[PDB]
Each structure stands twice: as C-alpha cells, then as structure tokens.
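*Asks:* Below are the structure tokens for one structure; questions will follow.
Protein chains in written order, with PDB author numbering: chain R, 697 to 796; chain H, 7 to 158, 167 to 234; chain E, 4 to 159, 169 to 233; chain B, 490 to 538; chain U, 1194 to 1243.
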C-alpha cells in the first residue's frame, strides 16, 4: 500500500473489472486459490435461484503487454461480506486499493 | 602503551536484539573498531537458509494446489525467511506433513536433533480443506552472503537464499563515568538477530576475520 | 569454503622519491577495501607515537605578536620552520636543545650542538636568516615525546608550538575494481602515503598493522 | 575538448562537481580551528581528515 | 498538520536527521532529508533494449 495517497484508489480498484466483487451479501463457505465459494444470506436469496455463488479466479494469465496477471484471495474462512465488497486482489491491488 | 578491550558485559534484554559493550578503548580506536566490526558483520557472515524445496504435488512454482489458501510462490517466499540453526551438518533434508483445516506453523517439521527452530510461530501456509494435505522436502544448506538461483527433475523448485543472519548493526562511543583516566572510552554495540546465531560468537568470528585480513600487512 | 577468504599480494611498491610509497593490494573481497583502508588511515592520522617540538623558550620579546630587528624572517616563519623540523630520540623522553649563532647568512639544522640521543634526520633544513652581523639569535626548543597531533589552543613567557608527533605527512587510500576467476565484485586497495625522512612508509604500515593486531588480540584465540 | 563553433572548452562541471567545489571553497566568519597558521596543504588535509 | 504528525510520532520538526557515512563512518556536515517515498517501475527493462 502507498503511505501517501489520495483516496480514489478504491474507485480505480472497484470500477475496473480486474478484481472480484460480491454480488450478494453473505458469508464465505470455502476459501481457495482457484475458486471462492460464498453462501448468500436469507434476505437476498431468490426463490428460483440455484443457491450459493461461485467466483472463479484467473491464475497466471497472459496480458497484451506480456505481463503476468493473477487474482489472489484475501477473505478468510467464515467471514461475513456484503454487496459491493472485494473478494480477491488482482494485479496492483492491496485490499481494494490501487498499489502501483 | 595501549590497553586491551574485553567482553565482560553482555546484555540480553530480549530474544531479537542484544547489546555488547567493549571496555576499555582509547580515544581514536573506538570509532575505527566499531566501523570495522560493523562492516565485517554486515559484509560476510555464515548462516543457514532454505535452498531447495521439492513438492510432489505441484510441478512448477507458477501453479496452484487445491486445498491451500496461499499460492506456491507465497509458500516459497514464506520459506525464504525461515530461520533454522544447524549444529554440525551442511545438507539437511526436512520433511513436512499436515492434514486438516488449520495453519501450518514451524512446529510441523519433523525433529532431527541437529536442527533447532528458533521461532515456532512462523506460519507457512493455510489449509482450508479436510482431506487436503501437502508434503514437501526442504533442503537447508550452509553458506555465506547472498547468492541468487540464476548463478547456480522438473519437480524441484529453486528459491533464493540469504545466508546473512544480521539485520542491522548500531554502535556508539560513550564516555566512561568513573575512571582514573578520562581519555578512556567504551564502545557499546547493539545487534538485531533472528536467533540462529550467537552474538558473542559472531563478535569472535568478526575479530578473527579482521585479524586474518590484517595478517597480509605485517609481511610488507 | 565459508571461513576462507582471498589473500592479496604485496610486491607492488612504487617509489617516486626517497620516502614515498604507493602500494597496491589485489585481490580483495567485496567491501573489504574500505574497512582495511579507513582503519589503516585513521591510525596513521592521529594515533602514531613520535617526538616533536612543543614549547620554545626565547629570551627576546615577551609578546608573540611583534617583530625582531636584525632578522629577515618573522617569528611566525621561525615557528613554521620549527614545526617542519623532524627529530627523533632513542632512549630519553624529553630533551632540551639550544641554538646559538651570531653571523651573516642562513642557519641550518647542523648548527645545533649534537648529543648522544638527539639525531637530526636532515641538516639541510633552514630555520631563518641573519642579515646584520650584530643580530645574535639565541633560542631554546623543547622536544617532547607524544602521539597524534595536538593544537596550541587546547594546551593553555614560552611560545606554544603545534606539535606533530605523527611521522607521516599525507595518507590517502584508493579502492578500485579487480577481477579473477570470473568474479567482478572485488576490491583493489591502493595506498599512497607521503612521509619525511624520519621513518620508512612500509615501516609505518607494518607498525600500524602490529598496533591494530595487538588491539584485537584479546578475542582471537 | 573545444567547441567547433567558438573557442570555449566543452568539458565543464555541470551540477555536482561545481557544487562540491563551491561547498569546499567558501568563506566563513566562525568555525572550528579559526585563527591558526599552517605549514602546508598536507597539514590542512590532515587536519580536515 | 505535517509538523503535528511529525511531533506526534517522536520525530523532529524539520525532518532532516543527521546521517553517518557507510564507508568511512563519520557524520556529515549537513543534515540529510530522509524519509519514505512511493517509487514505481516502468516498462523499460534493460533486457529488451540490449
């Protein structure tokens, strides 16, 4: 993380599709470097949906500038999250902040 | 005439940093001896670090394993800063076995007798699955200085090793409080150590290294 | 191995004068040239024994900021020529020397009456001049044994002279790069030292080496 | 070492050497060891070191 | 506010502490401005230029 910043690094982190955000609020069921399993809450559970949400994490993919990009998870086993919360730090990301 | 400094006061206030005081010294020799001991203690010092890690579950370091939380490169970076003291061996092979959900600390390594773990709270990885397990072979060598893996099977992973067990050296020249000669000074040296080496033994090793390096001037 | 290190050679002596030495040591380890150069320089700077003129007892004008008739050079020139006068004694600690001359012409270091332990390293060093024949100079200098360099302000009708007990005059080390067995990260210590006709520069290097070895003999088994 | 357009030297200290020579050679009104006479430049270098 | 944050963390006001030499081991004549700055790395590696 930068010690001297501005505060708009979180907007750059969550506005570009390079991180993993939570669509519905709930608790984390299974933590892995390849996938993230999050069980949604009762107030946001649809009656016709499939249930839990599974977030796939891209690991060691090639970019257009021959730069290695990957997404590493940051949540722990059994942590309550909400809507709009970050789940995995991608390239140049430190807990939802831009880390150049 | 000159006087000889002695190591009589060795303070160990914690397990990381210790203060060694040299007494007595002259008016000009204190700063020179302190800077020389600092440069020898920071330039070259023997130690033991993790050289090679062989994991049978993964092929290369850019892969991942189902069950662990951190990546294999993060496991190698956590094993890079591992401190271990070897008594009288050079090539030690360590075995790690852990099953169940929980962190993998430094106490999970099998005991060998000749090795000593100075920090059992050092974590390596985190297991998040019940049936998942990882077994690795850690090769710890004994060397001196910093050397990357670029200068020196497909399952063997190469990692850089730092054989220097000294973090920082701080020294200052303080005047003697009660002394018959006012020109005499004492040198206090504090050194941070991870725990894999002795401060007095490192001071003796720096002294005999400087005495060996100074032996080429008396033949001139 | 681990305990072993590199050992440089010693036959690199380049002398441009009688008592000038320019030695070169190669090969050395990375970062080992500075800790062997500065530690050898700071010993030879102000931690070397010797003898020099400390006080001068004169019978002329009591005030220091004055002039003397019949002489060409001022008293400050006499003090600066006495600061450069190198002398070493054998057995005694402090000696008293007397210089008396009443004539016309310059005075050298051979005009002082010789003793059993006092030995002048060069009699060609001038002190002052004598213009008139009636101007008779009579001075008494005091050669005291000490170490390092001390000023005259920290001491305190005799005159205070800045004594230079160190036999060397200029010491400067130089660290360059060397290469052997495809190893670039090495060091090469070049020591250039200027010394007068009191002691050899190689003898001063060996004396500083034995001093630094005796200062670290309480730890090496 | 000279310029092709005029008779001026092209080897000049740009920023760091001129700053070091300006800091080394400067006049002060009070410092350590003011008011003493020396015998040569080697004694001045020894007193500085 | 920067001076108050420096005074809160037991740091000097001017922010220039006296540093010693690494080779010789003596104090510099002037205090050196030392601190922490966020540095970056550009895509101009020397392996792609030689």
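C-beta atoms are modelled at their ideal positions from N, C-alpha and C, and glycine is treated no differently.
#1: Mind pulling the chain B residues with CB within less than 7 Å of residue 79(E)?
#2: Given a cut-off of 8 Å, decide if residue 105(H) and residue 139(H) are closer than it, judged by their beta-carbon atoms.
#3: Report the rounded CA-to-CA distance for residue 154(E) versus residue 174(E), giving the unit in angstroms.
#4: Can a CB atom of chain E be found closer than 8 Å to the CB of residue 11(H)?
#5: Checking contacts by CB at 8 Å: is residue 34(H) closer than that to chain E?
#6: How about residue 1199(U): is its C-beta nearer than 8 Å to some C-beta of chain R?
#7: Note down, one range per segment and in chain order, each alpha helix (DSSP H) of at least 4 residues found wholly within the stretch 700–782 of chain R.
#8: How would you label residue 37(E), buried or exposed, when you count the other beta carbons within 10 angstroms and need 16 or more for buried?
#9: For residue 91(H), which residues from the same chain have a beta carbon less than 6 Å from its beta carbon, with the 5 sequence-adjacent residues on both sides left out?
#10: Residue 37(H) by DSSP, collapsed to three states: which one?
#11: Can you give the beta carbon distance from residue 143(H) to residue 101(H), rounded, assuming they're within the 8 Å contact cut?
#12: Looking at residue 727(R): is its Cβ nearer than 8 Å to the Cβ of residue 776(R)?
#13: What are the residues in the stretch 25–50 of chain E lying within 8 Å of chain U by C-beta distance?
#14: Quick check on the DSSP output: the beta strand (DSSP E) that includes residue 159(E) runs from which residue to which?
#15: Apart from the five residues on each side of it in sequence, which residues of its chain come closer than 7 Å, Cβ to Cβ, to residue 94(H)?
#16: Could you check how far apart the C-beta atoms of residue 718(R) and residue 780(R) are, in whole angstroms? I think they sit under 8 Å.
#17: Does the distance from the CB of residue 48(E) to the CB of residue 183(E) come in under 8 Å?
#18: Between 99(E), 35(E), 131(E) and 117(E), which has its C-alpha nearest residue 108(E)'s C-alpha?
#19: Taking all protein chains shown into account, do 16 or more other C-beta atoms lie within 10 angstroms of the C-beta of residue 764(R), making it buried, or fewer, making it exposed?
#20: Under DSSP, the alpha helix (DSSP H) around residue 200(E) begins and ends at which residues?
#21: Closer than 8 Å is the cut-off here; do at least three beta carbon pairs connect the stretch 54–62 of chain E with the stretch 492–508 of chain B?
#22: Could you say if the stretch 67–75 of chain H and the stretch 5–17 of chain E meet the contact criterion of at least three C-beta pairs nearer than 8 Å?
#23: Tell me which residues of the stretch 705–731 of chain R have at least one Cβ-Cβ distance to chain H shorter than 8 Å, keeping chain order.
#24: Counting C-beta neighbours from all protein chains within 10 Å, is the total for residue 1205(U) 16 or more, i.e. buried, or is it exposed?
#25: Taking 8 Å as the CB-CB cut-off, is residue 1202(U) touching chain H?
#26: Would you list, in chain order, the members of the stretch 746–767 of chain R that have their beta-carbon closer than 7 Å to a beta-carbon of chain H?
#27: Can you give the beta carbon distance from residue 804(R) to residue 724(R), rounded, assuming they're within the 8 Å contact cut?
#28: For the beta strand (DSSP E) holding residue 17(H), just list the boundary residues, first then last.
#29: Determine the contact status of residue 1225(U) and residue 1235(U), defining contact as a CB-CB distance below 8 Å.
#30: If distances are taken between C-alpha atoms only, which option among 181(E), 63(E), 141(E) and 98(E) comes closest to residue 208(E)?
#31: The beta strand (DSSP E) that contains residue 127(E), what's its start and end?
*Replies:* Let me lay it out:
#1: For residue 79(E), the C-beta contacts it makes with chain B under 7 Å involve 526, in order along the chain.
#2: Contact flag set, yes.
#3: Approximately 5 Å between the Cα atoms of the pair.
#4: Closer than 8 Å to the CB of residue 11(H) there is at least one CB belonging to chain E.
#5: It does: the Cβ of residue 34(H) has a partner Cβ on chain E nearer than 8 Å.
#6: Not an interface residue.
#7: Here the runs fully enclosed are 705–711.
#8: Per the 10 Å Cβ criterion, buried.
#9: Result list for residue 91(H): 122 and 210, in chain order.
#10: DSSP places residue 37(H) in helix when its eight states are reduced to three.
#11: So it is a contact: roughly 6 Å between Cβ atoms.
#12: No. Outside cutoff.
#13: Residues 37 and 41.
#14: Boundaries for residue 159(E): no beta strand (DSSP E) harbours it, and the DSSP string shows neither H nor E there.
#15: Result list for residue 94(H): 120, in chain order.
#16: Contact flag correct, Cβ pair sits at about 7 Å.
#17: Against a cut-off of 8 Å, the Cβ pair of residue 183(E) and residue 48(E) comes out as a contact.
#18: With distances taken between Cα atoms, residue 108(E) lies closest to 131(E).
#19: Classification for residue 764(R): exposed.
#20: Not the alpha helix (DSSP H): residue 200(E) falls in the beta strand (DSSP E), residues 199–207.
#21: Verdict: no, contact absent.
#22: The stretch 67–75 of chain H vs the stretch 5–17 of chain E: no contact.
#23: Cβ contacts with chain H come from 726, 727, 728, 729 and 730.
#24: Classified as exposed, residue 1205(U) has fewer than 16 neighbouring CB atoms from the shown chains inside 10 Å of its CB.
#25: Under the Cβ criterion of 8 Å, residue 1202(U) is not counted among the residues facing chain H.
#26: Listed by position, the residues of the stretch 746–767 of chain R near chain H (Cβ gap below 7 Å) are 755 and 756.
#27: Because chain R spans 697 through 796 in this model, residue 804(R) falls outside it and cannot be assessed.
#28: Where residue 17(H) is concerned, the enclosing beta strand (DSSP E) stretches over 12–17.
#29: No. Outside cutoff.
#30: When each option's Cα is compared against that of residue 208(E), the closest is 181(E).
#31: Taken as a continuous stretch (DSSP letters only), residue 127(E) belongs to no beta strand (DSSP E), as it is neither H nor E.
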